[PDB]
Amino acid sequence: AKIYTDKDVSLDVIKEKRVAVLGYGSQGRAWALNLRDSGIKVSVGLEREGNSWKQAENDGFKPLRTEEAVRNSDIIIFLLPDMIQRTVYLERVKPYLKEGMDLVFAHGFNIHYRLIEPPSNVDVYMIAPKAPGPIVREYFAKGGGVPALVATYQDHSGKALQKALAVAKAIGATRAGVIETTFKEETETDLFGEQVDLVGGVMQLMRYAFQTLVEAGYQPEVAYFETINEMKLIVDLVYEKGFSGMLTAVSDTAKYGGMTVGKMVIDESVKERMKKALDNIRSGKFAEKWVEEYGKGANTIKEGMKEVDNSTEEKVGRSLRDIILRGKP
């Protein structure tokens, strides 16, 4: 697939545009800081004069209520939680849209699932950096940057890909590299990864391994080092060198064990259930169910966070993190 880097993209297409960054969480901050450093006129737009508003004041912005930021801008960037974008949009963005304005997202969920339904006469596009806000910012600030995906949903102007690329350049992404996708692809793949692998899957895998050891009578601190803490070593090596690289770096005892037992533990029925999860994303069932849960108060999340907070593993983990911090220079 085509990879775009600094050289392939001009800022001219957004240089003269006023950008509203809606939100000043971890992403909103990073983007607002990078855009402003790249010479883009940024207004931060916020629903409340709360902690976010203060943080933005602390960074030399003068924040505005959402609607005032929108009325004074050309390019509107939604860096708000997915579940509250709909309400902010309808009440504080929609009535202010004019021909030729742009709606810009970091995630495809709301557009793809019709929670925000834009008019036909604006451009709609996305830049999805592949790192946390702090890194997005740090790397840009050191003359590098983080890769991202870009997509266009509605290209009314004919320049929507160029504009998406320019935004991505202004936040440092083209220093690393950018690849084009679609709103649908980014949404479905992001939901799938989070559910089966990145958050759901690996958390349950690590937690089961930890529990198995503690239930068999081994020391909890030993069990935590072996099943949770060491995972960084492994995943750092995959990130840096691929699986091949990682496998070369571990013992032959580890390779033999991982190759023979790994597939018995994570067997074909797991893959079959991942297919089912993907089917549930693709049919819309997952998004329907989540929107329904959220509408009832997200009690699943509250109960699960309480269980994690009070678990044995969390207690043990805290203690080993004091030990690691104690020796970190």
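Numbers for residues come from their place in the sequence shown, where the first is 1.
Mean C-alpha B-factor is higher over 144-152 than over the other stretch, the pair under comparison being 144-152 and 88-96. Note on 131-139 vs 177-185: mean CA B-factor is higher in 131-139.
Per the deposited coordinates, the residue with the largest Cα temperature factor out of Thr66, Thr300, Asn51, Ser43 is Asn51. Taking only the listed residues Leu233, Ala164, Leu198, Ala106, the entry reports the highest CA temperature factor at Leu233. The deposited CA B-factor of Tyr239 belongs to the highest third of values across its chain. Ranked within its chain, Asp82 lands in the highest third, by CA B factor from the PDB record. Placement of the Cα temperature factor of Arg71 within the chain: highest third of the modelled residues, per the deposited record. Per the deposited record, the Cα B-factor of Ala254 falls in the middle third when ranked against the other modelled residues of its chain. Among the modelled residues of the chain, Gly245 sits in the highest third by CA temperature factor in this PDB entry.
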